[PDB]
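*Asks:* Got a structure for you, written out below as structure tokens; questions coming shortly.
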Amino acid sequence: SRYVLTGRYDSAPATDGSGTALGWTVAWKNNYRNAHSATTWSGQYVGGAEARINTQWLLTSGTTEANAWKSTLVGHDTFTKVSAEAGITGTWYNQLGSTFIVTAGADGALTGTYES
Amino acid sequence: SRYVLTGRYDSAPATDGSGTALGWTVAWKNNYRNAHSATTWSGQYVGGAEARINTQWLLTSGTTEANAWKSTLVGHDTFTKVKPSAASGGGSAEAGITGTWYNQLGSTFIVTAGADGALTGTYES
Amino acid sequence: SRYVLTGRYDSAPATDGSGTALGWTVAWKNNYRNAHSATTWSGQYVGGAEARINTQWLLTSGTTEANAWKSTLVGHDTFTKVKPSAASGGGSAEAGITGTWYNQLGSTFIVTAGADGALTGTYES
Amino acid sequence: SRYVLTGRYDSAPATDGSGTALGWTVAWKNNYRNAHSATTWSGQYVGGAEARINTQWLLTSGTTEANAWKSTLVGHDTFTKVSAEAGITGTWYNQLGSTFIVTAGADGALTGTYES
């Protein structure tokens with residue numbers, strides 16, 4: 254139930270109150286499970302008061318190409334956490350109780366694991 | 098105008114005809130520009146005589162909380178893998194995701210796929 | 098700030114407790130302004146003590162060909178149905194789509210629903 | 254297999270060679286079938302000899318609370334044609350073979366039927 258995540262973030266975001274653009278990918282394959290799917294989350298980290306990452310996501314499942322029209326779901330998720338680089342880095346979880354641990358690199362690298 | 102791309106793919110997909118699910122992300126900051134934005138593509142590789150990656154994408158820009166409703170664009174794209182040249186003996190590309198891919202509008206990306214599911218490359222606008 | 102809305106809904110919903118699918122469109126053109134854009138909301142009504150409509154939306158603006166790629170926004174929204182005031186006796190709203198709905202941001206709509214699936218109303222930003 | 258559609262278009266679009274914003278909804282219920290779901294198409298009309306309507310769509314199916322995160326699909330459709338009012342009005346078809354007949358009103362109305 255743990256999967257690899259990888260992404261990128263804007264390592265030098267504007268300072269005017271704007272959020273920090275980011276994204277990441279998870280393919281839903283590990284040593285035990287393979288769902289023949291991948292999700293991508295696109296959003297922004299917003300710091301300050303309490304910290305949050307607001308995303309929209311796309312989940313694509315491998316399909317025959319006569320079923321390709323029904324292959325992609327869309328949704329939104331909001332993550333709360335338990336310098337863009339230090340603010341993103343850590344442990345986050347969502348509404349449904351999924352969890353992800355991220356490390357934000359100085360170069361714009363995002364790396365970690367997503368737990369379902 | 099090259100930027101770092103990174104992603105994941107199903108390295109053990111169905112052999113039933115289904116394509117191979119994948120995703121990747123690009124942040125629009127390199128050594129010389131920063132557009133305070135990132136794009137993620139979600140889709141699948143479909144192989145054969147003419148290998149293609151059919152995608153849907155989301156582009157999010159950094160915004161204030163008040164402009165957050167207009168932070169995210171959505172769209173679609175298809176990438177085709179470059180094939181050997183007729184002068185070399187032509188033919189369809191080697192099976193696999195690793196390679197050079199282009200879209201309709203002139204963007205190109207070069208990618209290396211890992212045996213485990215990793216994807217890393219460079220995207221040129 | 099008031100705009101015409103038109104849409105459709107499933108007037109014979111499932112009864113295993115699923116929601117009621119609907120969708121609607123607002124073109125951002127009225128007497129007073131014109132933003133050369135249209136939004137469609139796709140989502141479901143969930144009846145209940147607190148009646149809600151949960152949507153995802155697409156906002157498209159007219160563009161030239163070279164800018165088509167940046168023409169559509171995507172987002173999501175939840176609307177909640179106005180209920181009677183406590184002074185009137187309170188209680189939850191009577192079932193149905195017909196009524197007044199607000200989002201968290203202060204935008205409001207008034208719709209009338211047809212017995213056979215039609216939706217019509219007025220959207221106010 | 255015919256359904257009622259209705260929508261809106263910008264009835265005074267820009268004059269700069271820009272396309273015309275529009276959108277419509279179909280609920281997949283009729284006298285004969287009911288799939289408990291609705292599609293909305295958002296996009297634009299591009300006029301000319303080989304005129305087209307380019308869209309992105311959202312299909313939402315009625316789900317239980319629990320299932321909600323997986324209720325909505327996204328995709329895209331391109332229609333060809335078999336004054337935006339004079340232009341949109343008519344019969345159109347897309348890749349999948351679906352067809353729609355639509356009347357554009359002077360007011361910005363779209364009404365008609367969709368056949369899938």
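Chains as they are written, first to last, in my numbering: chain B, 254 to 369; chain U, 98 to 222; chain P, 98 to 222; chain A, 254 to 369.
Just so you know, even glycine gets a beta-carbon here, dropped at the ideal spot from N, CA and C.
Exposed or buried, residue 103(U), counting other C-beta atoms within 10 Å across all chains shown (16 or more means buried)?
*Replies:* It counts as buried.
*Asks:* Do you know offhand how far residue 146(U)'s Cα is from residue 220(U)'s?
*Replies:* When rounded, the distance between both Cα atoms is 24 Å.
*Asks:* Take residue 313(B) and list the residues in its own chain whose beta-carbon comes closer than 7 Å to its own, dropping the five residues that flank it on each side.
*Replies:* Result list for residue 313(B): 290, 291, 324 and 325, in chain order.
*Asks:* Let me make sure I understand the geometry here. Which of 280(B), 267(B), 284(B) and 294(B) has the alpha-carbon closest to that of residue 131(U)?
*Replies:* Minimum Cα distance to residue 131(U) is reached at 267(B).
*Asks:* When burial is assigned at 16 or more other CB atoms within 10 Å of the CB, is residue 256(A) buried or exposed?
*Replies:* It counts as buried.
*Asks:* Could you spell out the range, first to last residue, of the alpha helix (DSSP H) harbouring residue 341(A)?
*Replies:* Counting along the chain, the alpha helix (DSSP H) containing residue 341(A) begins and ends at 337-341.
*Asks:* Among 181(P), 122(P) and 216(P), whose alpha-carbon lies nearest the alpha-carbon of residue 261(A)?
*Replies:* Comparing Cα positions, the closest option is 122(P).
*Asks:* Could you tell me whether the Cβ of residue 309(B) comes closer than 9 Å to any Cβ of chain P?
*Replies:* Yes, residue 309(B) lies at the interface with chain P (some Cβ there is under 9 Å from its Cβ).
*Asks:* Thinking residue 264(A) and residue 361(A) are a contact (beta carbons under 8 Å), I'd like their distance in whole angstroms, please.
*Replies:* About 4 Å separates the two Cβ atoms, so the contact holds.
*Asks:* With distances taken Cα to Cα, identify the nearest neighbour of residue 196(P) among 113(P), 140(P), 149(P) and 126(P).
*Replies:* Checked all of 113(P), 140(P), 149(P) and 126(P); the closest Cα to residue 196(P) is 149(P).
*Asks:* Taking 6 Å as the limit between beta carbons, can you name the residues of its chain near residue 207(P), skipping five residues before and five after?
*Replies:* Same-chain partners within the cutoff: 197, 218 and 219.
*Asks:* What is the DSSP secondary structure of residue 178(P), counted as helix, strand or coil?
*Replies:* Correct three-state label for residue 178(P): strand.
*Asks:* Should residue 307(B) go down as buried or exposed, given a rule of 16 or more other Cβ atoms within 10 Å for buried?
*Replies:* By the 10 Å Cβ count, residue 307(B) comes out buried.
*Asks:* By DSSP, does residue 162(P) sit in helix, in strand, or in coil?
*Replies:* Residue state, collapsed to three classes: helix.
*Asks:* So, are the CB atoms of residue 154(P) and residue 202(U) less than 9 Å apart?
*Replies:* It is not a contact, given that the beta carbons lie outside the stated cut-off.
*Asks:* Compare the C-alpha of residue 190(U) against each of 172(U), 113(U) and 144(U) and name the closest.
*Replies:* Ranking 172(U), 113(U) and 144(U) by Cα distance to residue 190(U) puts 144(U) first.
*Asks:* Compare the C-beta of residue 172(U) against all C-beta atoms of chain P and say whether one is closer than 9 Å.
*Replies:* With 9 Å as the cut-off, residue 172(U) counts as an interface residue toward chain P.
*Asks:* When the Cα atoms are used, what is the spatial distance from residue 352(B) to residue 339(B)?
*Replies:* So the alpha carbons of these two residues sit roughly 18 Å apart.
*Asks:* Which one of 282(B), 335(B) and 284(B) has the shortest CA to CA distance from residue 347(B)?
*Replies:* Out of 282(B), 335(B) and 284(B), 335(B) has the C-alpha closest to the C-alpha of residue 347(B).
*Asks:* Is residue 399(B) near residue 341(B), with beta carbons less than 9 Å apart?
*Replies:* In the structure displayed, chain B extends from 254 to 369; residue 399(B) sits before or after that span and is not available.
*Asks:* Answer with buried or exposed for residue 159(U), where buried requires no fewer than 16 other C-beta atoms within 10 angstroms of its C-beta.
*Replies:* So residue 159(U) ends up on the buried side.
*Asks:* So, is the C-beta of residue 342(B) closer than 9 Å to a C-beta in chain U?
*Replies:* No, its Cβ sits nowhere closer than 9 Å to a Cβ of chain U.
*Asks:* Who are the Cβ neighbours of residue 254(B) in its own chain at under 7 Å, not counting the five residues just before and after it?
*Replies:* Excluding sequence neighbours, residue 254(B) sits near 368 and 369.
*Asks:* Are the beta-carbon atoms belonging to residue 124(U) and residue 275(B) less than 9 Å from one another?
*Replies:* Yes.
*Asks:* By the three-class DSSP mapping on this structure, what secondary structure does residue 264(B) have?
*Replies:* Coil at residue 264(B), not helix or strand.
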